[PDB]
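As a starting point, one isolated chain is supplied in structure tokens, in the form deposited in one PDB entry.
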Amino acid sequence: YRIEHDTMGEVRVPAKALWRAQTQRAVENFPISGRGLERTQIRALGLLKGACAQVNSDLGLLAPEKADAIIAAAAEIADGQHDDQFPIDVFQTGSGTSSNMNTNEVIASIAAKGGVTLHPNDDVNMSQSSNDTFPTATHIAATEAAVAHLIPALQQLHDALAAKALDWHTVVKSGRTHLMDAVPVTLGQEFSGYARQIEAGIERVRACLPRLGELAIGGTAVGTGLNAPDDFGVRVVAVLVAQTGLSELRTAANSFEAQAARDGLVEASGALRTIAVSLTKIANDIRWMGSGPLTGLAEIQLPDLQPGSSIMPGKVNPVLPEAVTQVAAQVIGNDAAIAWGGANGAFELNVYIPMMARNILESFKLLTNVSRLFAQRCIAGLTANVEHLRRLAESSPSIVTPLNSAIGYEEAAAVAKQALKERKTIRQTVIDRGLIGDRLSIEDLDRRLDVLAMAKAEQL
């Protein structure tokens, strides 16, 4: 432990700590959750501070040697080398000013090790305020999370579902509506439905990016840009785009809206929440399809991933659909916290940013990781019980309707009843009731009862 002195007081910080006094005071002020910023927010703070130093150097406001040291330090933070140097609670001052100062202090300590003296506020925070920085970092992280990680994971899941839909194009089975027997579908058609939900999910995320990517940087304390260069925003954004390749980043359409509100995070959480709703449907159908082996639906077999029960030997459970539906619940909860924070800004500043940031970035992370796992450890290895599915379809009261024009709906209903009673196919029941004659050939019967043709699947 080393000793430091702010105005006014003495504070002890850990010897290995690169943060300084203001960060240590915040550590002492907010012992609330014990959880600090995630890797992605820390990275984005590093990206922002490097770009700001670049621009301050470019405009002749910051000595090049100082700028170069900030840029080098900030690069180390952005590269994830100092994730342990950010100890401040998520539940901190609502502008995120404490984490902003944490970044400035850590950068100055890194630079000191290379022989360059940096003032955390006067140099590392030059042209910035305690209010346009943390939300800028939040939107960088969220935009990067969307574009570089979530959309590719969703595409991977989409592609897995679509491949199954193709494999199972002719795997006929009974539809279910209201959980009751219905006319035939194919397993491929159902999975093409799941694939569309994920594809629409990607479209939903893409549609929020024009506003998610808006950055407040340059608006300084109240959105007016006082004490910054007039073009600071567009210059900093240009550097960030050039360096990251994230072309979705842009200066805000209105500098006051970009600090008074965090509506872009609320909008984006809505898209994540819709994806959670879709994933809930997909995962719950899939675990119901896999239910059994003997007292359930037994339509498909999920890959085994681990023993199911500490007490019931040999049982295996749909653990990936469970992870997906729990993740979806968490995204829904996080979404409510985000909206609550978003609605409650006042005048020139929304002061729920650290909480909103935690929730939106966690939702991105959970959906990204569980989507890849779902695709790779569950969807890819599904196998269908093809004969079981076809037998139930061919035995269903739902398929007697195309018999009506041959034998009348009365006799069709009798066929339906006897088929259930004897657990027979409709076909065999028609034969056993002696209905094959000049009225109905066996070839006409097989045409009328072609359950795959009833599913009306496009041939390829």
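So that the term is clear: the rigid core is the largest set of C-alpha atoms that superpose within 1.5 Å between two forms. One rule holds for the numbers: they count along the sequence shown, beginning at 1.
The form deposited in another entry exists for this protein as well; it is not shown, and the discussion that follows is about that form.
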Listed options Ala51, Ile42, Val415, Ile70; Cα moving by 2 angstroms or more between the shown form and the other one (core superposition)
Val415
For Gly60, is the CA shift between the shown form and the other one at least 2 Å following rigid-core superposition?
no
Has the Cα of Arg439 moved 2 Å or more between the shown form and the other one, judged after a core fit?
yes
Can we say the CA of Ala406 moves by at least 2 Å between the shown form and the other one when the core is superposed?
yes
Closer or farther: how do the Cα atoms of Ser398 and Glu443 compare in the other form relative to this form, given a change of at least 3 Å?
closer
